[PDB]
Amino acid sequence: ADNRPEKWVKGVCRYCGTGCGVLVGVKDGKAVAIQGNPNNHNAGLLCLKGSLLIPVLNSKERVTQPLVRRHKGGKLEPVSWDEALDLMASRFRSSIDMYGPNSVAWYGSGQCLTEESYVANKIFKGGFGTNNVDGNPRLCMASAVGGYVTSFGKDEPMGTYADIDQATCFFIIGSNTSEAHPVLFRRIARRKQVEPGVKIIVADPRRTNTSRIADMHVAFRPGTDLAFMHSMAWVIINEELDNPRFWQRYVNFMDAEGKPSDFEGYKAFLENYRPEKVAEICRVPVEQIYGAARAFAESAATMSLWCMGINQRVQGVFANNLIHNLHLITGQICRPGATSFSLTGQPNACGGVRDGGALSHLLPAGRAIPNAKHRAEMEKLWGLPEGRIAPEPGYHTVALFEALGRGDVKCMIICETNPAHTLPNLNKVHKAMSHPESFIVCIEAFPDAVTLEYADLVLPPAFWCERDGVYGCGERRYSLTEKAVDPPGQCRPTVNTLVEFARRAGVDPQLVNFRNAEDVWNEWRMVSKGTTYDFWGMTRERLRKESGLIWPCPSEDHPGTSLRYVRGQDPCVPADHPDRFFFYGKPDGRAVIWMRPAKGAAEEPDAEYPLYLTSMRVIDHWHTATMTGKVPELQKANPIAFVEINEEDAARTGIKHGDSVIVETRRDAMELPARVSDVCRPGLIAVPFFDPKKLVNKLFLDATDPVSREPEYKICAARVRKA
Ligand SMILES: Nc1nc2c(c(=O)[nH]1)N[C@H]1C(S)=C(S)[C@@H](COP(=O)(O)OP(=O)(O)OC[C@H]3O[C@@H](n4cnc5c(=O)[nH]c(N)nc54)[C@H](O)[C@@H]3O)O[C@H]1N2
Ligand SMILES: Nc1nc2c(c(=O)[nH]1)N[C@H]1C(S)=C(S)[C@@H](COP(=O)(O)OP(=O)(O)OC[C@H]3O[C@@H](n4cnc5c(=O)[nH]c(N)nc54)[C@H](O)[C@@H]3O)O[C@H]1N2
Ligand code: SF4
Ligand SMILES: [O-][Cl+3]([O-])([O-])[O-]
Ligand SMILES: [Mo]
């Protein structure tokens, strides 16, 4: 008996792309409890961050009114919503009127609700006529996208979290699952517990909590995991552990010039990547290439999981291709427990930005800007005049902030991201963000986001479960979150803020015909209908009862889809297809192995800057800490930034534990407390990025993958010295 929740409102955790279902306990219109949704994949379980979501919902440290900065370098001061919307709408309309539509941009996030990103994408691409829509997943998942699309012809994993319960080998690469995806790591750990014969290979330059359940920790040299995975393929082929029945029917080979090849040509390519040479290159024992290769191929079902150590890379797309190569040569795929599974970081990078194509070169539900059929498909669906969608991609994120600095982009909206903190090469980016003629509107829940220091107008948004909306997590699961409490003060749901803005900026009101997130969901449901992203069967009523549905889900009686590309399991494979699998993303239904040359970082260490420097997640802090920094118990072990230094390096160089050091790169220098340990393999150092007092992205280079344009945050060259 209670005082203490009167009702429980079903939703989704505000944090990771694990995408735990949550039940928010409310009493008297106020949130008082949280638990995990027993019916979602997480089966009632949350991590400590998710369990401490209620102090964040209830923090009075909020942006609760519209704010304006009258002059560049002035103080933010209160302003009405009607003054703010008019100022905003006039400014944008004006900029388009003088300079054309490409002077205005959207910079959004994988934390926005899918309905928020859908509306924004539509206002800009089909309303203003500019493809300047991008977002922070470009800094994260864009490499997993280029990898999946070139290997399979479609985006997203072909398996699910369920596959975890049935792998007997986990190949966990460039992923600190323990601290980035705690509930998922538990499911993996649980799997090894239930079945002790389960082999776990953790490949990562750093020895993290994740490696503590591994049978093998491959501490390779930063940048050499490509040569590693090629070497694995050499071993699998050399020891006849490959699956010819599979690759003969279901696989094409492209050579190092990206020209059609064959198995025989693959063998010959792989000759350049023998275990003995590669061991020397990777700085690992040769037995590890052999063990990893053998575990992977000989295991009854192998699942690979990776995150930012593979994506945040100039060879990002190719590294994803290389993981798919192993699953493709062995046919460890399209079977329960056997699958190539990219981990998604943000809660809604999948549904909001990837699936809904809210990047500069994309259009919703698998569509592409440079493809004329696609643009016309969208013009039909959006009731647009012919040729209204521009034929060329807008600015990707790095290019977008460069375009800002040059004054080519004059107006910008930032929504649920903190770019003045999380973009790479911050001294350059800060300069760009303070162009004396830029007009930067920030929609931002938290007064302490460093980005608000550059903003000309701030709009007060409804936070998390103060409004309703869908998040699509890493496993293709679309879960709704219902409104639990009212927003405080003058906070407003961004769907509505976006619609009122468009109307006032002269956008055709037929284009933003939306009263709520439910109206936008139905248009998007239609916009997906008959594409391989089809999620037409996920009605709002269905998503209120269900704890998520997994796409494809083409009708109301359809349960959703576990194994994509599988005959009889994926509704996109015709029931009378001749083969049991169909990688319909490719013209001939065959998936592609890519003989990608293994190179390295864009900035490799040398005599002057002898260390690899990296950057990483910590368990207690979500990104920029504007939310977790409000939970007293989440700093009890990580209040401040530090640098991890290898103990052999430290002993050699004279650096002792807790010593203050200067980390220095070509771009900046920064003093930090040193943690000395075996975490970093020799030659490597590491920094977290949660500390707004220690903006480590000032240190990192800006360099991007040429296909995905994802920055290489995971590697640059640094030197370390006593302060
Ligand atoms: N606690 C917490 N959890 C989160 C987040 C958070 O901010 N805090 N954010 C979420 C988001 S958006 C994301 S993207 C994920 C990120 O989660 P992860 O990518 O799993 O975590 P990271 O710490 O970025 O890095 C993963 C590992 O890549 C390694 N790495 C470094 N260099 C190399 C290399 O050359 N090759 C390889 N293979 N690996 C290398 C690093 O050593 C690191 O341990 O976390 C999600 N979950
Ligand atoms: N060095 C380095 N830098 C990195 C990475 C790295 O590995 N290394 N990782 C990159 C990756 S993978 C990612 S995902 C990015 C993430 O980087 P960001 O997205 O920039 O960081 P967050 O703190 O998640 O951004 C969320 C912002 O949204 C605000 N917010 C919360 N709720 C609401 C709301 O309802 N409305 C609005 N308008 N705002 C809200 C929060 O207060 C916060 O300011 O960082 C990237 N940056
Ligand atoms: S694992 Fe991620 S989604 Fe689940 S409770 Fe923890 S932070 Fe939230
Ligand atoms: O995951 Cl993306 O950066 O291609 O939206
Ligand atoms: Mo991310």
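Residues numbered from 1 in each chain as written, not as in the entry; some residues may be left out. Chains lettered and ligands numbered in written order. Heavy atoms only, no water. Residues with missing side-chain atoms left out of burial classes, pairs and counts.

- Regarding how it was determined, this PDB entry cites X-ray crystallography in its header, along with a resolution of 2.40 Å.

## Concerning the overall build of the protein
Part 1 of the argument: Within the protein, the secondary structure is distributed over 23 helices and 28 strands.
Part 2 of the argument: Against the compact-globule benchmark of 27 Å for 723 residues, the protein has a radius of gyration of 25 Å, which places it among compact chains.
Part 3 of the argument: Across its three principal directions, the C-alpha atoms of the protein cover 70 × 70 × 65 Å.
Part 4 of the argument: Intrachain contacts of the protein at a sequence separation of at least 6 include 72% that bridge at least 24 residues. (Helix = DSSP H or I, 4+ residues; strand = E, 2+ residues; numbered from the N terminus. Rg over C-alpha atoms; globule rule 2.2 N^0.38 Å. Contact = heavy atoms within 4.5 Å.)

## Quick word on the site of ligand 1
Part 1 of the argument: If you check the shell around ligand 1, you find 33 residues, and the closest are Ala180, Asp204, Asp225, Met308 and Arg617.
Part 2 of the argument: In this structure, a nitrogen atom belonging to ligand 1 sits 2.7 Å away from a side-chain N or O atom of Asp225.
Part 3 of the argument: Separating an oxygen atom of ligand 1 from a side-chain N or O atom of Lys714 is a distance of 2.8 Å.
Part 4 of the argument: When isolated, ligand 1 has an accessible area of 910 Å², and the protein chains bury 99% of it.
Part 5 of the argument: Put simply, the parts of the chain that give the shell around ligand 1 at least two residues each are α6 (177-180), α13 (308-311) and β23 (611-616).
Part 6 of the argument: For the shell around ligand 1, the element with the most residues is α13, which contributes three residues.
Part 7 of the argument: Looking at the shell around ligand 1 residue by residue, the classes come out as 15 nonpolar, ten polar and eight charged.
Part 8 of the argument: Counting contributing residues, the shell around ligand 1 receives three or more from each of domain 3 (140-345 + 563-594) and domain 4 (610-723). (Near = heavy atom within 4 Å. Polar contact = N/O pair within 3.5 Å; in protein donor to acceptor, adjacent residues only side chain to side chain. Areas by Shrake-Rupley, 256 points an atom, 1.4 Å probe, with all protein chains shown as cover. Nonpolar A, V, L, I, M, F, W, Y, C, P; charged D, E, K, R; others polar. Domains from an automatic or database assignment.)

## Description of the domain arrangement of the protein
Part 1 of the argument: Along its sequence, the protein is carved into domain 1 (1-61), domain 2 (62-139 + 346-562), domain 3 (140-345 + 563-594) and domain 4 (610-723).
Part 2 of the argument: The C-alpha centroid of domain 3 is placed 33 Å from the C-alpha centroid of domain 2.
Part 3 of the argument: With 23 residues of domain 2 in contact, the opposing surface of domain 3 contributes 26 residues.
Part 4 of the argument: Summing the contributions of domain 2 and of domain 3, the shared interface buries around 2,000 Å²; its carbon and sulfur component is 55%.
Part 5 of the argument: At the junction of domain 2 and domain 3, the tally comes to two salt bridges.
Part 6 of the argument: Residues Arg354 and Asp155 are paired through a salt bridge, measuring 2.9 Å at the closest nitrogen-oxygen approach.
Part 7 of the argument: Applying the counting criterion to the domain 2 and domain 3 interface returns eleven residue pairs in polar contact.
Part 8 of the argument: With four residues, helix α15 (residues 349-355) is the single largest residue contributor to the side of domain 2 that touches domain 3. (Buried area = accessible area lost by both parts, 1.4 Å probe. Salt bridge = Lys/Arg side-chain N within 4 Å of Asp/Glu carboxyl O.)

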